[PDB]
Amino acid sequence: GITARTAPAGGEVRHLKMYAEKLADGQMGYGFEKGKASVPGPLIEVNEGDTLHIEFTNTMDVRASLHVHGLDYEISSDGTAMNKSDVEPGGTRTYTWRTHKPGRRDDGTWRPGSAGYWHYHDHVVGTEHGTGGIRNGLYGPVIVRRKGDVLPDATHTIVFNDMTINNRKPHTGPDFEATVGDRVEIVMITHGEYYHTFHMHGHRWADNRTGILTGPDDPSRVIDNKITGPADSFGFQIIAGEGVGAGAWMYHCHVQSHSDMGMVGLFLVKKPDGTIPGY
């Protein structure tokens, strides 16, 4: 676009602290600040070409780690036990993530860039595949922008983790709010044991990298329903209420017993007066 904000060229070196901690109720979560850990962990958004040094501190009583999808990392920052890149209790390690722009290789072929919707999670809590860590909440989203990507007003993360959304008790959302016309970005991630189908009432997106059609040539299927499995991640943007107006629009897993057993939430799209028709 040319009036929406778009991502700039990347290439910063960025530093950042993360903590893994046990939560009072038995869950585990990441944070940028000790005592401010969340499930999902905080969004990490960078631009293609950025380099990110994460001073990670495991504050728990068991070994834990930080593993990322899609981004360039050396085996040093694998986050696995095998490759000795996990972290002892109370320990601190610096993971490094790099990203790159697309371009021609010398053999004439086209190297894909790092741009996309990704995620990070533990790889050593409970099992050598982080099964316990993931079940407990050690997962969070990563976004890598390509230069020129359209930027949203807000970004929400929805994680189907086993039979929960964002580790919440059945039928407790989360719910999100927008005003009609808002540019809303969704990062959607699945974890655990089961397949799901993500569905949104009243909105749809493109089944490509960005969730947006480039222009009239993009043959990508347009959808409002997408099957997902453990560690899948995709994202998209929509205009809230576009062509459909305000309302309490559901989103849910469309697997019938999942939605029945509580994998449901609300996308509350409001008129400017903050009202929602019949809610």
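Residue positions are given as counts along the sequence shown, with the first one as 1.
Student: Quick one: say whether 198-206 or 100-108 has the higher mean Cα B-factor in the deposited entry.
Tutor: Comparing averages over the C-alpha atoms only gives 100-108.
Student: Have a look at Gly91, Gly116, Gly132, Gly140 and flag the one whose Cα has the highest B-factor in the entry.
Tutor: Of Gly91, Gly116, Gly132, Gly140, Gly91 has the highest C-alpha B-factor.
Student: Sorting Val68, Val39, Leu52, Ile227 by Cα temperature factor from the record, which one lands on top?
Tutor: Max CA B-factor in the entry, restricted to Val68, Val39, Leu52, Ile227: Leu52.
Student: When the modelled residues of the chain are sorted by Cα temperature factor, does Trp249 land in the lowest, middle or highest third?
Tutor: It falls in the top third of the chain.
Student: Name the third of the chain's ranked CA B-factors that contains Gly215, choosing lowest, middle or highest.
Tutor: Its C-alpha B-factor belongs to the highest third of this chain's values.
Student: Sort the modelled residues of this chain by their C-alpha B factor and say whether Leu268 lands in the lowest, middle or highest third.
Tutor: Lowest third, going by the recorded CA B-factors of the chain.
Student: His171: which third of its chain by C-alpha temperature factor?
Tutor: Top third by C-alpha B-factor.
Student: So where's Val46 on the chain's Cα temperature factor ranking, which third?
Tutor: Middle third by C-alpha B-factor.
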